[PDB]
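So here's one chain in two forms, each on its own in structure tokens, numbered structure 1 and structure 2.
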Structure 1
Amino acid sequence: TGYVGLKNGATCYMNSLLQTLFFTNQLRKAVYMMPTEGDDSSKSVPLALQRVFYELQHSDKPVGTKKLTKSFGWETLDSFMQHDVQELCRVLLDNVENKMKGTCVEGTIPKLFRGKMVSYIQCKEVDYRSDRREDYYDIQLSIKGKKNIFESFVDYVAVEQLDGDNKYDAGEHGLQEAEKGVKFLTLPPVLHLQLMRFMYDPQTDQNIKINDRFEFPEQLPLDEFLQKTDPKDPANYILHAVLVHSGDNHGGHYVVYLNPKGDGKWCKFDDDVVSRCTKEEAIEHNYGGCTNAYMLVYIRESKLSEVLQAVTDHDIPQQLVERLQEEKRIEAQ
């Protein structure tokens, strides 16, 4: 394999997400570049993430996360259970993005993850439209009643009828029939897709998991979902990570399958155990139909070699190396 794992607290999906971000090489390098200053890594999320990444890249033994979880404050089962995985992703990404504000690696995070969409609500019978353009760093895909990810995307951009009791509140126009919908303008180099298998059911008053089968491909063409395609850069996406959950409301187990280089050589990361596996273990075996994927990472075929550029010892600033080496000395005696 050539890759090292993470130690297993009740941190659930974190290790899975941490490996996922570590192997986003371009992000890893920018996190290395981010200027930071501190004697303890637990003293900020940027420091702690720099440390975790440094150790994943250099240790031969499983890497600890105590100082990382201390730095962002999620130290109980309940703090992970109250959040979706992208909320933790945002917590880490947003902080690091704001740490890069006015630095040499400024804008790295939106460059890698941010796409553009536009939502609209058009009234049928009156002249009112509420066209709102917004930016995204991840996409929450509905899987209920969807056999595969193409149907998720179809349902995502489907026009919703606001009619009957759903009649749009058009303010001074009163209740109005209208047509809701969203359009993709761009798709980012690195595409985070949550599969919304976990949801609160208000009918039964319970959190539930949907274990139905839901297929996703090695290569994901998304040109059909763009408002305007680019003939020079078809939106073909290459599957990078499959974040997997096993279990029910009484316990569960999280692993991530990752092909770090985007070549197809897949390795399963199960906390401290990292092992080469087959493409079938990574993909089809996680289709479900209680162990299945709840989040995927895809990378644009055209950006693959930039996003997954090698990150050598040379790409880590000496000031950081020295900070981490001093910390390791103080932790050794």
Structure 2
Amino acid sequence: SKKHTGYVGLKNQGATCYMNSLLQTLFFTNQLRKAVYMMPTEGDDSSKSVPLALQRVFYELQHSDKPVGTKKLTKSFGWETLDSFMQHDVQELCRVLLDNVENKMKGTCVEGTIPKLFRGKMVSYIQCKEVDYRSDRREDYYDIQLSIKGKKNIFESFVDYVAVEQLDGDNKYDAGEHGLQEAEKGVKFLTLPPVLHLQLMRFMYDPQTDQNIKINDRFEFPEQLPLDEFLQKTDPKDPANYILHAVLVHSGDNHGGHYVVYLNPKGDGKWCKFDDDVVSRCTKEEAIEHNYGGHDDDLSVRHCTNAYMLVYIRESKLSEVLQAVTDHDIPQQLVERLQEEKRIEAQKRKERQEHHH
């Protein structure tokens, strides 16, 4: 019941693993949700259209009193079995969704929304120590994969992310005409985006077992996250101070485990747990510290419940990313089309029941 929290859940349908968690996460990225509603999907085929199918899911999350279905969404991007989810990381799903919607926004009043919210800039470098040669590769990024093994918290992971590696000994850099050279290799952050998607590296290759295994190591992350020290050049008008928005959690050892997401949708520290169709109020401690993962001095049970993805929002952007969404933000054109789709699927049902009964 939406009456407990003001928020509605998503149906437990098929085997879509992390999908519901990511959908709630994107739905509460209000600036994104607004842009999604603006997509000119009138000409679209509802079986094939990811943009239309995401409009439908966001609309129903905003308006429906009952849990929201995702079958037409999964059909539209073609991940209709468990295997589809097992062959992709959560960030890959996010990119499928965000790339589809950004493409549909091309040449509209919301063109550029996806990069505006999610894209940062980095540069990857290799610097020769004995000779005058440097290779610089500038890249956009939409998410960051953070190493956790042997790291206590987010801060130690970021230190390790920008750590300078020595390319020496047998590991010298092929510097072309300069020959093999001792060098140093690193990554620098130039910008950090308004909405910062961090995946934790919990699904690690293991030689012994020979495939990926989930690691349950305790790894701590804060409500407030200062990142100025990880930028090449800071901005005194806009420090890289981040506020925790969402914690995506998994329990178990495999894709038949259980996926939930914790959010404080307003960015005000008031958290809810979203567990498919049940959305419930929760403590901040339930959202945050309880998802750090079990203490290694506790042999009571297997501690297989922990965070794998965090969404942080930049403090200076918070009021704009989380801008309020009203009925006026949904075009009547789209409202009518979604009602039309509802009638059409209300009849596809009855014709299926006629031919099967």
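Numbers given to residues start at 1 and step along the sequence of structure 1. Between two forms, the rigid core is defined as the largest C-alpha subset superposing within 1.5 Å.
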For this session: With the two forms aligned on their rigid core, point out which item of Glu301, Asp40, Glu281, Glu55 shifts its C-alpha by 2 Å or more between the two structures.
Result: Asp40
For this session: Answer yes if the Cα of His250 shifts by 2 angstroms or more between the two structures on a rigid-core superposition, and no otherwise.
Result: yes
For this session: Look at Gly73 and decide if its Cα position differs by 2 Å or more between the two structures after superposing on the rigid core.
Result: no
Exercise. C-alpha of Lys261: shift of 2 angstroms or more between the two structures, rigid core aligned?
Worked result: no
For this session: Once both forms sit on the same core, give the Cα displacement of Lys144 between the two structures in angstrom.
Result: 1.0
For this session: Check the Cα of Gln203 between the two structures on a core superposition and give its shift in Å.
Result: 4.1
For this session: Taking the rigid core as fixed, quantify in angstrom how much the C-alpha of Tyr128 shifts between the two structures.
Result: 2.4
